[PDB]
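As they're listed, the protein sequences go chains A, B, C and D. Under the UniProt record's numbering, the residues of the first sequence are numbered 480 to 500, 525 to 600, in order. Under the UniProt record's numbering, the residues of the second sequence are numbered 15 to 175, in order. Under the UniProt record's numbering, the residues of the third sequence are numbered 1 to 35, 48 to 133, in order. Under the UniProt record's numbering, the residues of the fourth sequence are numbered 63 to 97, 111 to 123, 127 to 139, 146 to 159, in order.
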Amino acid sequence: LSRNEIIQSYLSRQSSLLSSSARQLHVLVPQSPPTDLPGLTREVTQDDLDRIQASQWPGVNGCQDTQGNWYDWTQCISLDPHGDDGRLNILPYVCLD
Amino acid sequence: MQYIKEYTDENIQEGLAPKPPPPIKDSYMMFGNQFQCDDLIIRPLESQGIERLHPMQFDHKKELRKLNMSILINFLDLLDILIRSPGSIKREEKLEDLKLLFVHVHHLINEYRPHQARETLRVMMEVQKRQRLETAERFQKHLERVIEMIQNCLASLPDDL
Amino acid sequence: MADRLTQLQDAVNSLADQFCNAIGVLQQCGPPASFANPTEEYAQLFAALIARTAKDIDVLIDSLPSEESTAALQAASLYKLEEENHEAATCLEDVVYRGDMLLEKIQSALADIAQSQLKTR
Amino acid sequence: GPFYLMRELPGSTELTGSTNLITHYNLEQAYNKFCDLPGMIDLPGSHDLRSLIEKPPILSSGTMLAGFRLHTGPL
């Protein structure tokens, strides 16, 4: 608190950057006016459950991406939001077992 | 620290004289030091204690991006406070202000925590289902092989006879 | 742990920590005045780090799930998965039953061959 | 549109520490003058123990009768 020195300030730098971290970002998702219980109110049907099981749904069953690669919830996404060599690594959302 | 001694004195007996388990409590208890009354919401609302900046449109991702940008712009305005008039009243408000913003950025993403919880159950069930079918198919292939194995050995035996 | 959510929480806390560290550095240490270069380098590095943290927080926010998949869509999918898990359980039980019968038959046959071969001696 | 909890920044340049406080406080010419009074007073007198006692009294803080009772001889 009282004093910050070159070596200690650089320690702060590497610790903060290792905690935190041509585009390769996720494809943007717009707002969603049809939501299933409140918004659109679909009576329980069947197309929605078959889409949530088998197909690709980019807001529900995974995160899509530029360069095309699909990632569902149990996988870890490697990206690079900056123009550097440092890569963001989004951890899995679920982490089964 | 102590040991409930009256009930352990009760337990040494025979016949039906020992005691039954207590009934389930559906109201305020006092475990530990907190109360932990039942029927609590997992995420207690923000309207119980602090202000609320966001309406019921509540499309979580847009408001999280809004709160990120609001945090950065209020940091820049705090820098404008420190440049122009450090003795102003507003900095105290400002040093409160972004605090409230930070609270909301935590309070929205805690609302992803039940959802994440429910969602991990869903994918666990899917994986569970898939593994069952895989073992079924695996076993059936083994069954088929065993059958044809028996068959060809039976196909060998009259050829010895 | 190990979720996108805990990553986002740690990123937001790192943003607040970089705020306090940036002010505490850039007010405590400076060249005096005129009516140093290390301090200017420190300022550039701190600004870059804050910008990078903001970009990372934005990317993680984009990454989490939408305001579609409400809780009822999770619950109905859970219901359907319970039904199909019951059906998969009974199907696995049937194939195990057929295999068990075949195994007991071949086992008894091999035991009878062994009894005959020992009795011939 | 508007960010959450924007407000009005203070008056553009009020009293700060970034101004020249001395020139605003009319003290410039004294500094431009300034940038021993033992010696400047020894312009008047001869030179400049019990003077330590003078400074210690500084750190601590019947005339005709005296002339009549001041009897002492010459030699």
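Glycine is no exception: its CB is placed at the ideal position from the N, C-alpha and C atoms.
Distance CB(residue i)-CB(residue j) smaller than 7 Å
{"i": "residue 545/A", "j": "residue 539/A", "result": "yes"}
{"i": "residue 4/C", "j": "residue 591/A", "result": "no"}
{"i": "residue 150/B", "j": "residue 57/C", "result": "no"}
{"i": "residue 7/C", "j": "residue 90/C", "result": "no"}
{"i": "residue 64/D", "j": "residue 102/B", "result": "no"}
{"i": "residue 153/B", "j": "residue 12/C", "result": "no"}
{"i": "residue 138/B", "j": "residue 93/C", "result": "no"}
{"i": "residue 88/C", "j": "residue 547/A", "result": "yes"}
{"i": "residue 527/A", "j": "residue 600/A", "result": "no"}
{"i": "residue 84/B", "j": "residue 66/D", "result": "yes"}
{"i": "residue 53/B", "j": "residue 534/A", "result": "no"}
DSSP-derived helix/strand/coil call for residue i
{"i": "residue 565/A", "result": "strand"}
{"i": "residue 574/A", "result": "strand"}
{"i": "residue 34/C", "result": "coil"}
{"i": "residue 124/B", "result": "coil"}
{"i": "residue 592/A", "result": "strand"}
{"i": "residue 581/A", "result": "strand"}
{"i": "residue 41/B", "result": "coil"}
{"i": "residue 56/C", "result": "helix"}
{"i": "residue 16/C", "result": "helix"}
{"i": "residue 65/B", "result": "coil"}
{"i": "residue 81/D", "result": "coil"}
{"i": "residue 50/C", "result": "helix"}
{"i": "residue 521/A", "result": "Residue numbering in chain A breaks between 500 and 525, and residue 521/A falls inside that break, so it has no position here."}
{"i": "residue 88/D", "result": "coil"}
{"i": "residue 549/A", "result": "coil"}
{"i": "residue 72/B", "result": "coil"}
{"i": "residue 115/C", "result": "helix"}
{"i": "residue 559/A", "result": "coil"}
{"i": "residue 49/B", "result": "coil"}
{"i": "residue 139/D", "result": "coil"}
Cβ neighbour criterion (16 or more within 10 Å) applied to residue i
{"i": "residue 126/C", "result": "exposed"}
{"i": "residue 530/A", "result": "exposed"}
{"i": "residue 131/C", "result": "exposed"}
{"i": "residue 499/A", "result": "buried"}
{"i": "residue 47/B", "result": "exposed"}
{"i": "residue 82/B", "result": "buried"}
{"i": "residue 576/A", "result": "buried"}
{"i": "residue 36/B", "result": "exposed"}
{"i": "residue 574/A", "result": "buried"}
{"i": "residue 65/C", "result": "buried"}
{"i": "residue 21/B", "result": "exposed"}
{"i": "residue 587/A", "result": "exposed"}
{"i": "residue 49/C", "result": "exposed"}
{"i": "residue 21/C", "result": "buried"}
{"i": "residue 113/D", "result": "exposed"}
{"i": "residue 109/C", "result": "exposed"}
{"i": "residue 69/C", "result": "buried"}
{"i": "residue 17/B", "result": "exposed"}
{"i": "residue 485/A", "result": "exposed"}
is_contact[residue i, chain E] using C-beta, thresh 7 Å
{"i": "residue 150/B", "result": "Although the question refers to chain E, the structure presented lacks it and instead comprises the protein chains A, B, C and D."}
Proximity test, residue i beta-carbon vs the ligand SAM heavy atom, cut-off 6 Å
{"i": "residue 528/A", "result": "The model on display carries no ligand, and the ligand SAM is accordingly not part of it."}
Query raised in the report: Using 8 Å as the Cβ pair cut-off and three pairs as the minimum, do the region 137-148 of chain B and the region 84-102 of chain B touch?
Result: The region 137-148 of chain B is not in contact with the region 84-102 of chain B.
Query - Sufficient close CB pairs (3 or more, under 8 Å) joining the region 561-572 of chain A to the region 71-81 of chain C - result: Touching, per the Cβ criterion.
Query raised in the report: Given a limit of 7 Å on CB to CB distance, which residues of the region 54-80 of chain B reach chain C?
Result: Within the region 54-80 of chain B, the residues whose Cβ lies closer than 7 Å to some Cβ of chain C are 73, 74, 75, 78, 79, listed in chain order.
**Report entry** Inter-stretch contact (C-beta, 8 Å, three-pair minimum) for the region 45-65 of chain B and the region 27-34 of chain B
**Finding:** Touching, no.
Query raised in the report: So, do the region 84-91 of chain B and the region 104-124 of chain B have three or more beta carbon pairs nearer to each other than 8 Å?
Result: Taking a contact to require three or more Cβ pairs closer than 8 Å, the region 84-91 of chain B and the region 104-124 of chain B qualify as touching.
**Report entry** contact_flag[the region 55-67 of chain B, the region 116-127 of chain B] where n(CB pairs < 8 Å) is 3 or more
**Finding:** Yes, the region 55-67 of chain B touches the region 116-127 of chain B.
Report task. Compile a chain-ordered list of the residues in the region 66-83 of chain D whose CB is closer than 9 Å to at least one CB of chain B. Result -> Within the region 66-83 of chain D, those residues whose Cβ lies closer than 9 Å to any Cβ of chain B are, in chain order, 66, 67, 68, 69, 70, 71, 72, 73, 74, 75, 76, 77, 78, 79, 80.
Query raised in the report: Does the region 66-77 of chain B come close enough to the region 127-137 of chain B to have 3 or more Cβ pairs within less than 8 Å?
Result: Between the region 66-77 of chain B and the region 127-137 of chain B there are fewer than three inter-stretch CB-CB distances shorter than 8 Å, so the stretches are not counted as touching.
Report task. Using a Cβ-Cβ cut-off of less than 9 Å, give me the residues of the region 565-598 of chain A that come near chain B, in sequence order. Result -> Listed in sequence order: 575, 576, 577, 596, 597, 598.
Query raised in the report: Name the residues in the region 116-129 of chain B whose C-beta lies less than 9 Å from a C-beta of chain C; which are they?
Result: For the region 116-129 of chain B, which is checked against every Cβ of chain C, the residues closer than 9 Å are 116, 119, 120, 123, 124, 126, 127, 128, 129.
Requested in this report: Compile a chain-ordered list of the residues in the region 529-542 of chain A whose CB is closer than 8 Å to at least one CB of chain B.
Outcome: Those would be 532, 534, 535, in chain order.
Report task. Pair every Cβ in the region 17-34 of chain C with every Cβ in the region 487-499 of chain A, then say whether three or more of these pairs are closer than 8 Å. Result -> The region 17-34 of chain C makes contact with the region 487-499 of chain A; the number of CB pairs closer than 8 Å reaches 3 or more.
Query raised in the report: Quick one, which residues of the region 94-110 of chain B are near chain D if we go by CB-CB under 9 Å, in chain order?
Result: Contacts with chain D (Cβ-Cβ distance below 9 Å) from the region 94-110 of chain B involve 94, 95, 97, 98, 99, 100, 101, 102, 104, 107, 108, listed in chain order.
Requested in this report: Anything in the region 32-49 of chain B with a Cβ closer than 9 Å to a Cβ of chain D? List those residues in chain order, please.
Outcome: So the list is empty, because no residue satisfies the distance condition.
Query raised in the report: Any residues in the region 87-104 of chain C with a beta carbon nearer than 8 Å to a beta carbon of chain B? Which ones, in chain order?
Result: The residues in question are 87, 89, 90, 93, 94, 96, 97, 100, 101, 103, 104.
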